[PDB]
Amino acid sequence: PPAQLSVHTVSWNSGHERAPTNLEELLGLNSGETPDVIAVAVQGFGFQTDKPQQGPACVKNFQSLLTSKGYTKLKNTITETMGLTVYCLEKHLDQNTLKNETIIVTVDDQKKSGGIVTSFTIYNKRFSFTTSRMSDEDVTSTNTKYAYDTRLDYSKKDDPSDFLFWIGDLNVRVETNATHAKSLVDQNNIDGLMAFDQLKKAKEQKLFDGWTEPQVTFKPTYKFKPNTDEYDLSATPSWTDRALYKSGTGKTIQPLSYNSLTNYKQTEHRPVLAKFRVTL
């Protein structure tokens, strides 16, 4: 039982885009770090049907890179609009106690909104990783547009998990006009623009209760004109992909870094990579 473990998470509202082939950077591996757990969440369209037949390349390329580095894929789960994969270094796994479990929650009859939770235990500590997806137009258990449901929140369980991460596009946006938002971006007044971000409003409404986001120092990750760094100002620049963390049991979770990956310009959103150190 080590004293600490490291976790990398990445999420990307990737839409109809295929997985990139350059993955080390996406997963935070390109400077030689060797995290214990890696979670990858995507939001988009057509994953399960997989008309593009891109599933095969995803498996090949992720498994090619990660197996050589000592990772085991605990689970991949896909729906039409969401994907969540969790990897862990094989050296941490005790099959007798791992209790690897995933649930899918769907909130609409077309199964386009809801979320996924994958959980597992190592060294007698329980990890849970959630992703979620909500539409602006949906009727919901919260009567909000935010991608929260209590069924996805393993901190509000009778026996809450030790380490919890929630990654993806939460459908939280910046609630001001585009002109003001862009001016704050140009001034690098990130905290000033963050004053208009809806996560605090969601929390006031008792969504994401007690969940923390690492400090944001990067510019909004949406909406870009593809292959550029220029905002498409048809939308107010916003922080779409987010990483939130919590412990149900008083364990320390220390973010090490939290950044958008601006080299992945293929789409209107930029991926967001978080790195944490957890104390068992």
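All residue numbers are counted from 1 along the displayed sequence.
As the entry records it, the average C-alpha temperature factor is higher for 120-128, out of 120-128 and 189-197. Stretch comparison (36-44 versus 221-229) by mean CA B-factor in the PDB entry places 221-229 on top.
Note on the listed residues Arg173, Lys91, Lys203, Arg133: the highest Cα temperature factor in the record is that of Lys91. Ranking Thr9, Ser257, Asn13, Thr262 by Cα temperature factor from the entry places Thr262 first. Ranked by C-alpha B-factor against the other modelled residues of its chain, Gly210 falls in the middle third.
Ranked by C-alpha B-factor against the other modelled residues of its chain, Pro237 falls in the lowest third. For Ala274, the recorded CA B-factor ranks within the lowest third of the chain. Only modelled residues enter the ranking. In this PDB entry, the Cα temperature factor of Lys156 sits in the top third of its chain's modelled residues, the highest group.
The deposited CA B-factor of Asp108 belongs to the highest third of values across its chain.
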